Amino acid sequence: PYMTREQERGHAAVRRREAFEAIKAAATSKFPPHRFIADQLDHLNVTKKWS
Amino acid sequence: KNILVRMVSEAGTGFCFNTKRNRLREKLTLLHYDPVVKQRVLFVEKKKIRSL
Amino acid sequence: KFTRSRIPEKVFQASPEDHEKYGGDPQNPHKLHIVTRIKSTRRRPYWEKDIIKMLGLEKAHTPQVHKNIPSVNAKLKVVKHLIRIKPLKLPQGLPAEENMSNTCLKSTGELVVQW
Amino acid sequence: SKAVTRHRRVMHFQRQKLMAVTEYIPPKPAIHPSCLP
Amino acid sequence: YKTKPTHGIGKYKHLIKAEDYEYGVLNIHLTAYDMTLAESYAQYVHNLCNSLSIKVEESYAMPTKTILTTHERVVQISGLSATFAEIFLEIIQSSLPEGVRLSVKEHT
Amino acid sequence: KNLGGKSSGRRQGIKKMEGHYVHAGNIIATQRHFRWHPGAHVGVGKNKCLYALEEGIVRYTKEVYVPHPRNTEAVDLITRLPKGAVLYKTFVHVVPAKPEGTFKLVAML
Amino acid sequence: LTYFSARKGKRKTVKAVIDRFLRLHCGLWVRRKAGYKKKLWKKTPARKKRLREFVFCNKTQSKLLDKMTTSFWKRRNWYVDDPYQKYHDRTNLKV
Amino acid sequence: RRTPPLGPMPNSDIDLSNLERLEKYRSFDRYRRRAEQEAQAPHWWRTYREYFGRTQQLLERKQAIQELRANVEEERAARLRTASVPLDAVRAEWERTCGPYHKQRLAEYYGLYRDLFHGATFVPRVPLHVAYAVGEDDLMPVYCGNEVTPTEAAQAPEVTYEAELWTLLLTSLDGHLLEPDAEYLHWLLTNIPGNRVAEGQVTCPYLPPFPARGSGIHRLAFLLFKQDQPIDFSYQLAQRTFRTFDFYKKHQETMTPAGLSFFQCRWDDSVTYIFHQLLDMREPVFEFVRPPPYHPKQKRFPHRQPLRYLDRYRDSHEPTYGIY
RNA sequence: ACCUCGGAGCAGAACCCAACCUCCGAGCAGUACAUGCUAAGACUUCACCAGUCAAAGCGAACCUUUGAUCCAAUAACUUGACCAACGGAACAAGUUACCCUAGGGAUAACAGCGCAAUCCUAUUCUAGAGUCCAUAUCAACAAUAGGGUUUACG
RNA sequence: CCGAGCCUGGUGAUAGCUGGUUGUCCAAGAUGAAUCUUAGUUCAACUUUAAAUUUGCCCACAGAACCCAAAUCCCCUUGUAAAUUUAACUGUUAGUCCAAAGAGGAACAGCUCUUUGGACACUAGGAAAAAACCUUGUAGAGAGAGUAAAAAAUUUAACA
RNA sequence: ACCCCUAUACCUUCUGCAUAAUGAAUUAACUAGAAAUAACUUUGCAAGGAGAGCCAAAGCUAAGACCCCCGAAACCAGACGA
Ligand SMILES: [Mg+2]
Ligand SMILES: [Mg+2]
Ligand SMILES: [Mg+2]
Ligand SMILES: [Mg+2]
Ligand SMILES: [Mg+2]
Ligand SMILES: [Mg+2]
Ligand SMILES: [Mg+2]
Ligand SMILES: [Mg+2]
Ligand SMILES: [Mg+2]
Ligand SMILES: [Mg+2]
Ligand SMILES: [Mg+2]
Ligand SMILES: [Mg+2]
Ligand SMILES: [Mg+2]
Ligand SMILES: [Zn+2]
């Protein structure tokens with residue numbers, strides 16, 4: 001082994017904590033997507049023709 | 001065997017509690033705490049509730 | 001019953017003959033393992049399956065770099081019969097930001113910064 | 001079948017391979033001593 | 001716990017025993033006209049035994065027999081050395097107060 | 001001819017291993033007979049279950065066992081030991097965590 | 001139970017539930033412990049105290065009772081001196 | 001598997017097959033003594049402590065013992081269990097002989113050394129005496145760990161000690177109101193000529209004890225230092241605050257502690273008088289506040305819990321009506 | 001014969017673990033009559049029901065197993081009957097080859113298939129018989145193989 | 001077509017029993033308690049979806065009993081990204097063989113039970129054919145390449 | 001085209017079926033998932049909602065999504081039959 005158990009204790013704590021912060025952020029950012037008037041109105045184009 | 005009996009307060013209160021005494025034993029008179037009076041009082045056996 | 005196996009510590013105490021055979025110096029030991037999965041986790045206990053998933057060795061014959069530290073070594077000891085471990089050798093040191101995109105892991109276990 | 005049987009129980013093929021691989025290998029005492037002086 | 005170095009730190013039954021020429025079981029019979037003298041000599045001999053580290057099992061008495069009465073006492077002894085037995089019985093011989101009957105009879 | 005014996009297990013044993021944080025009143029271990037003895041800030045119920053009397057960390061130790069003198073059988077057992085022998089037992093302690101209160105400024109009279 | 005009554009076409013209430021359980025508006029069901037009036041002479045004081053208590057129901061038990069009662073029993077009741085008025089609502093409940 | 005013991009297992013030395021020939025604990029008290037001895041002894045396993053931790057004079061003494069033995073009246077009194085002892089004489093003799101050691105024990109127990117000198121200890125060689133004159137007829141003494149009210153400590157005390165200069169200091173180890181570690185001095189006499197104290201240099205004038213109300217019990221220390229040669233030194237809390245540690249660091253070369261005497265002071269109306277009249281500030285009142293009771297995280301369905309479960313988590317006891 | 005509960009082993013060391021499995025025990029008594037009331041926090045027989053432990057506080061003083069609901073009785077407090085098929089139909093047995101229906105190879109008999117206890121065969125050993133004589137012949141206690149012809153078992 | 005006729009009606013009787021249950025495509029998805037109950041059901045466990053926020057698994061040291069083994073439990077780190085909770089909910093839930101520790105049987109059974117683990121009820125390669133042994137998995141096209149498991153071995157009696 | 005190589009029909013019921021278990025000659029046509037409680041999603045309005053009643057401590061109103069077919073031996077009523 002390169003490090004002893006006591007030397008390795010805590011050497012990755014910061015990175016592990018940031019990774020779990022990212023996981024928590026992704027988990028808690030779940031929320032319905034936006035709705036746009038453009039999407040609703042674009043459906044009128046189904047009857048677009050040539051005059 | 002033993003019988004369940006109703007010890008009734010001799011303090012005049014309607015308070016009664018059930019004890020167990022041998023059938024062959026004499027009728028029971030026992031000091032017991034009366035909540036209404038808030039004091040230890042005599043209770044006398046009135047009637048046999050059941051046989052257990 | 002079948003259970004987890006406790007490997008006696010004497011198994012992981014290299015001898016001078018092993019040092020000569022494999023070419024590793026106990027002083028200044030290598031920093032990083034290259035671990036490849038060369039054996040299926042099927043027909044192996046769920047705990048070995050879980051260890052493999054933790055180490056990220058789901059794909060066989062795909063080298064993965066790990067720290068040569070006691071905890072990683074404990075997991076590797078659990079699943080040592082499914083993996084090939086070789087030290088990661090750095091003839092030119094670890095890659096610099098300039099040549100981070102020009103590295104290649106040679107089959108000998110050397111990460112060369114030229115490719 | 002029980003672990004102990006009156007007959008020799010059939011080994012798992014893996015155990016059989018293990019036994020074959022770990023069979024005893026005698027040393028070769030150099031050139032055949034009888035043929036040697 | 002079994003796998004810990006402190007396994008069995010609390011065991012005691014091995015420390016409790018519940019159950020070179022040397023004598024057998026020795027019975028000292030003391031028949032005496034005096035309850036007081038018999039009891040005093042029994043105490044003295046028991047004290048000598050437990051001071052000299054002699055395994056004493058029982059100090060009972062036989063029932064009284066009338067034909068006046070003579071009170072009887074028993075002392076049980078086990079474990080003597082060569083010179084130790086000599087000193088033990090010579091001390092008993094020399095320390096007999098007045099008109100008492102000793103014995104070195106055996107069991108049964 | 002063999003009847004009975006269908007009783008289920010009592011699910012006894014340690015409920016809080018060493019180092020576990022324990023609030024007051026938590027049961028630490030349930031035992032049929034005294035496998036573990038109550039240590040500091042650990043009480044005993046009617047049925048010889050160990051519960052935490054304070055909020056803290058559970059520790060297991062080995063300590064010399066001196067029974068209550070009124071425990072006649074234990075006293076006799078001790079009476080039969082040799083001079084050097086000392087009985088030992090496993091004890092469970094709760095190392096209290098918080099202080100039992102602090103003085104606060106309430107009014108600046 | 002009856003999902004569609006033969007006279008109204010409505011869902012019916014299992015009155016055995018109404019005779020036994022109290023519903024707190026928030027969704028909790030309260031009940032008495034079984035045997036709380038039986039052979040008290042042979043029960044220890046602690047057991048009697050446990051039996052004399054009003055007790056909440058499981059999530060699945062509550063769901064069953066909700067199914068077995070109709071929406072009338074699940075309304076706000078503003079009784080004069082209801083002993084359970086304070087218990088009808090939950091406070092400081094995180095998830 | 002079995003890990004071997006990390007040291008001598010108990011009851012191993014005497015483990016012999018000659019149990020019958022081994023002497024046993026005939027008594028409970030001897031076993032208790034042995035058990036206490038083993039408990040005190042260090043061990044390699046986890047233990048409760050880990051977590052919860054001249055010749056002419058002798059000849060004179062022998063002769064005095066023989067004389068007391070010779071006195072037959074003494075034997076009669078002893079065997080009639082009527083004899084007694086002179087308490088004052090015993091107190092004086094103990095003070096002279098080994099009182100300093102006991103006073104050092106008391107100081108260590110009370111934590112003066114760890115809080116005044118950061119663990120550096122000493123011995124109160126000089127049998128110091130302090131007493132606060134109560135009224136005119138009497139004066140309440142200040143032993144090592146006494147209990148004296150601030151009313152009785154209102155005025156400066158009379159100090160007596162058989163010795164020959166001296167610097168006397170009074171500190172309140174725990175009366176500080178802002179910084180936990182600092183402490184307030186009440187009076188400091190310096191360059192005391194021999195025994196007389198009225199001739200001491202009064203560097204900081206006298207203050208009475210002022211332990212805030214409901215702030216517990218404060219320990220007040222009288223320190224007395226032997227002084228080789230005088231040194232010039234240097235109603236406001238900011239200037240009464242300091243640390244005896246660095247103070248005595250600044251003077252340890254020519255000063256050495258030789259006497260101690262401390263006492264416990266509670267609240268008293270004289271404390272109100274002190275806080276208002278001369279300290280000229282509002283008196284602080286402290287209350288011992290325990291932490292709020294622990295309750296497990298509230299569940300949506302408190303299965304099998306009594307009706308009181310909801311009360312455990314409600315904060316206002318008065319009925320609420322929401323939107324209505 | 002059993003049906004509920006409990007103790008020990010199987011199940012050695014947290015918990016948990018069956019059986020027509022190997023053994024044992026219980027349907028309460030003795031005690032007192034705070035053996036009261038309340039209440040943090042916990043355990044839990046793998047659900048629920050039920051069952052446990054318990055600080056603090058108040059009040060006297062200075063304890064060690066069996067069963068629900070409804071229903072009844074009592075002014076009430078409380079109490080009862082069985083529910084031992086012991087999670088308990090409030091109250092119901094024999095019989096059917098005269099039988100019927102729905103199914104089941106998840107379940108019997110013949111048969112097939114496993115197995116070889118039993119059975120049969122062959123060797124090894126000589127105890128031994130064979131007038132003596134082991135082995136011309138036969139054969140005990142056993143051992144080792146083989147067969148799948150019986151009786152069984154699945 | 002009589003151990004109780006036939007027809008109509010109640011009647012679409014009832015059936016925990018058998019059979020059947022019709023477009024395409026993708027994804028997640030597998031072995032206790034009570035019960036007139038073991039051909040069923042309810043609860044649990046598992047499973048699916050959606051939601052909340054925050055630790056979850058692995059895990060060394062320390063720790064877990066006297067009486068009279070393999071391992072397990074517990075968790076700092078670390079490898080990791082999952083766990084818990086909330087809402088809603090069906091269906092599976094009295095399995096098979098293999099290795100191992102046992103029990104019963106006969107140290108029989110492709111035998112019957114409990115436990116740990118694996119595989120099968122899912123792809124492919126191999127062991128002759130082949131649910132359960134070994135290799136191996138995450139999906140398509142290729143007239144490229146390196147591999148995995150993977151083939152039985154044995155011939156033997158003179159005598160001074 | 002065959003010859004070569006690979007390849008043990010389908011459904012259902014089962015731990016497991018090429019199975020020498022069930023069903024099916026074949027074509028055409030017909031022949032089997034009906035709904036609440038509570039949720040969730042999307043609107044409306046919002047301490048109020050709803051076109052009386054009802055609900056409401058962000059609720060209420062509306063909509064959307066979700067619960068099969070065939071088969072006994074029987075029982076009874078009333079007729080019809082020597
Ligand atoms: Mg058992
Ligand atoms: Mg439970
Ligand atoms: Mg029954
Ligand atoms: Mg039953
Ligand atoms: Mg006819
Ligand atoms: Mg039908
Ligand atoms: Mg899939
Ligand atoms: Mg029943
Ligand atoms: Mg059924
Ligand atoms: Mg077919
Ligand atoms: Mg069929
Ligand atoms: Mg057909
Ligand atoms: Mg006619
Ligand atoms: Zn040669």
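First the proteins, then the strands, lettered A, B, ... as listed; each starts at 1. Computed over heavy atoms, backbone and side chain alike; hydrogens, waters and symmetry mates excluded.
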**Where at least one partner belongs to residues 36-47 of chain G, residue pairs that pass side-chain hydrogen bond (donor to acceptor under 3.5 Å, both in side chains), sequence neighbours excluded** = none
**Prompt:** Which residues pass the ring-ring contact (aromatic ring centres under 6.0 Å, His included) test with H:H295, sequence neighbours left out?
**Reply:** H:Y313
**Complete:** Its contact letters, B for base, S for sugar-phosphate only and - for none at protein heavy atoms under 4.0 Å, make nucleotides 6-17 of chain I read BBS---SBSSSS
**Prompt:** Which part of the nucleic acid, if any, lies within contact of G:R52, taking any heavy atom under 4.0 Å across all strands shown: a base, the sugar-phosphate backbone alone, or nothing?
**Reply:** sugar-phosphate
Tabulate below the donor-acceptor pairs under 3.5 Å that side-chain atoms of residues 53-69 of chain G make, not counting sequence neighbours, or state none.
| residue | atom | partner | partner atom | Å |
| --- | --- | --- | --- | --- |
| G:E53 | OE2 | G:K49 | NZ | 3.2 |
| G:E53 | OE2 | H:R308 | NH1 | 3.0 |
| G:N58 | OD1 | G:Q61 | NE2 | 3.3 |
| G:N58 | OD1 | H:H303 | NE2 | 2.8 |
| G:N58 | ND2 | H:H303 | ND1 | 3.1 |
| G:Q61 | OE1 | G:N58 | N | 3.0 |
| G:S62 | OG | G:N58 | O | 2.6 |
| G:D66 | OD1 | G:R23 | NH1 | 2.5 |
| G:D66 | OD1 | G:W29 | NE1 | 3.2 |
| G:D66 | OD2 | G:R23 | NH1 | 3.4 |
| G:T69 | OG1 | G:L65 | O | 2.9 |

Report all interatomic pairs (protein N or O, nucleotide N or O of nucleotides 103-105 of chain J) with separations under 3.5 Å.
| residue | atom | partner | partner atom | Å |
| --- | --- | --- | --- | --- |
| J:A103 | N6 | D:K2 | NZ | 3.4 |
| J:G104 | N7 | D:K2 | NZ | 3.2 |
| J:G104 | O6 | D:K2 | NZ | 2.8 |
| J:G105 | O6 | D:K2 | NZ | 2.9 |

Give me the distances for all protein-to-nucleotides 56-60 of chain I N/O pairs that come in under 3.5 Å?
| residue | atom | partner | partner atom | Å |
| --- | --- | --- | --- | --- |
| I:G59 | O3' | B:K38 | NZ | 2.6 |
| I:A60 | OP1 | B:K38 | NZ | 3.4 |
| I:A60 | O2' | B:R40 | NE | 3.2 |
| I:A60 | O2' | B:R40 | NH2 | 2.6 |

**Asked** For residues 64-77 of chain C, which residues have at least one heavy atom under 4.0 Å from RNA chain I?
**Response** none
**Prompt:** Could you run down nucleotides 129-136 of chain J 5' to 3' and tag each one B, S or - for protein heavy-atom contact under 4.0 Å?
**Reply:** ----SBBB
**Asked** What string of B, S and - do you get for nucleotides 82-95 of chain J 5' to 3' if you count protein non-hydrogen atoms under 4.0 Å?
**Response** B--SSSSS------
**Message:** Does anything in residues 43-52 of chain B come within less than 4.0 Å of RNA chain I? Heavy atoms only, and list the residues if so.
**Reply:** B:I49, B:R50
Using distance only, find each side-chain donor-acceptor pair of residues 43-54 of chain C under 3.5 Å and give its atom names and separation, not counting sequence neighbours.
| residue | atom | partner | partner atom | Å |
| --- | --- | --- | --- | --- |
| C:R44 | NE | C:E48 | OE1 | 2.8 |
| C:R44 | NE | C:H81 | NE2 | 3.2 |
| C:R44 | NH2 | C:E48 | OE1 | 3.4 |
| C:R44 | NH2 | C:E48 | OE2 | 3.0 |
| C:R44 | NH2 | C:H81 | NE2 | 3.2 |
| C:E48 | OE1 | C:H81 | NE2 | 2.7 |
| C:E48 | OE2 | C:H81 | NE2 | 3.3 |
| C:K49 | NZ | C:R44 | O | 2.7 |

**Request:** Name all pairs fulfilling the ring pair (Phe, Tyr, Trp, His ring centres under 6.0 Å) condition that reach into residues 31-52 of chain B, sequence neighbours left out, sorted by first residue then second.
**Result:** B:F15-B:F43, B:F17-B:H32, B:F17-B:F43, B:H32-B:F43
**Asked** For RNA chain I, whose closest nucleotide is more 5', that of H:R312 or that of G:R47?
**Response** H:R312
**Asked** Quick one: is I:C49 close enough that its OP1 or OP2 comes under 4.0 Å of any side-chain N or O from G:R32?
**Response** no
**Item:** Under-3.5 Å donor-acceptor pair between A:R16 side chain and J:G79 base
**Value:** yes
